[PDB]
Amino acid sequence: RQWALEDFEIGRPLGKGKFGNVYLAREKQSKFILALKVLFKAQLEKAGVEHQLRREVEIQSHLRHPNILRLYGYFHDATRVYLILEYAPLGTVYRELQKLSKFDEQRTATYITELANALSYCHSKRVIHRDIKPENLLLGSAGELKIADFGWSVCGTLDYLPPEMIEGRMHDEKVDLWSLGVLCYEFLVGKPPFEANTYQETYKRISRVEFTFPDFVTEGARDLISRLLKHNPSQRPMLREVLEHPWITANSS
Ligand SMILES: CC[C@@H](NC(=O)c1cc2[nH]nc(NC(=O)c3ccc(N4CCN(C)CC4)cc3)c2s1)c1ccccc1
């Protein structure tokens with residue numbers, strides 16, 4: 001409860017964002033290691049999401065799950081807000097991917113699991129994430145997926161956002177079964193299923209729902225992705241169904 005910008009010995013920057021950045025930091029009394037996210041008040045409104053933050057902070061801190069990154073506390077000074085976040089030692093599913101190009105079945109399978117279960121829970125507890133992309137996943141020392149950033153849970157790249165949303169229509173929590181599908185595809189193939197060179201065609205690709213599997217994609221996965229990526233929210237499985245899918249279990253952990 002209420003720390004000050006002076007309980008913190010600040011260290012390596014972990015990420016440089018538009019609104020703010022995020023640092024390695026250690027609380028001086030406890031020697032605790034956290035990610036100190038430092039957002040800037042000025043821009044949050046010059047953008048308007050000052051409230052899409054009121055959501056992340058409230059939503060975050062109230063959640064307890066091994067694959068969701070913990071918000072520990074928060075305090076703003078006069079210039080900016082600070083968010084004492086949990087620290088994720090292995091970095092992002094994003095770098096991990098650029099690093100390795102493609103993930104294997106077991107790895108992809110496991111992550112979808114961790115993300116499924118983590119995602120189920122958010123849904124058990126009523127909440128939907130939406131903005132699930134590789135940039136927002138982090139890895140613990142154990143090496144396990146963890147979900148970060150919510151401010152978008154209750155512009156940029158369309159790549160992971162389902163038809164409904166994008167097409168404006170009111171949306172629910174199928175959103176995330178769609179991402180979970182794109183997510184899945186991206187891991188196994190390395191690009192997301194609706195990759196394009198422009199915002200324009202990418203809209204097309206997602207709305208017409210146009211994607212094609214590389215030769216080395218297995219049917220077990222092939223099938224999985226195809227029931228996550230249906231244009232109609234209704235025809236999208238529940239996470240329990242997902243965790244059931246065979247490929248998803250004879251390959252997870
Ligand atoms: C999801 C993006 C969001 N980020 C967070 O909330 C974040 C929360 C959070 N907790 N821990 C982090 N740690 C790291 O970012 C990290 C990155 C690379 C690392 N390695 C160095 C090289 N090595 C070979 C692998 C390990 C280790 C830790 C981050 S980022 C964000 C939002 C606004 C502004 C900045 C960042």
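Residue numbers in this text run from 1 along the chain shown.
Determination method: X-ray crystallography, 2.9 Å.
Every residue gets a Cβ built from N, Cα and C, even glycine.
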Annotation phosphoserine per Swiss-Prot: which of the candidates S124, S207, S226, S234 has it? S207
Of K133, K191, which one does Swiss-Prot label SUMO2 cross-link? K133
Quick one: among the binding-site residues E135, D149, which has the most Cβ atoms sitting within 10 Å of its own Cβ? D149
Entry from the recorded positions list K18, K37, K133 having the most other CB atoms no farther than 10 A: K37
Report the nearest neighbour of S207 (phosphoserine) in space among the binding-site residues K37, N136, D149, comparing Cα positions. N136
In sequence order, those recorded positions of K18, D131, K133, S207 whose CB lies under 6 Å from ligand 1: none
What three-state secondary structure does DSSP assign to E86 (ATP binding site)? coil
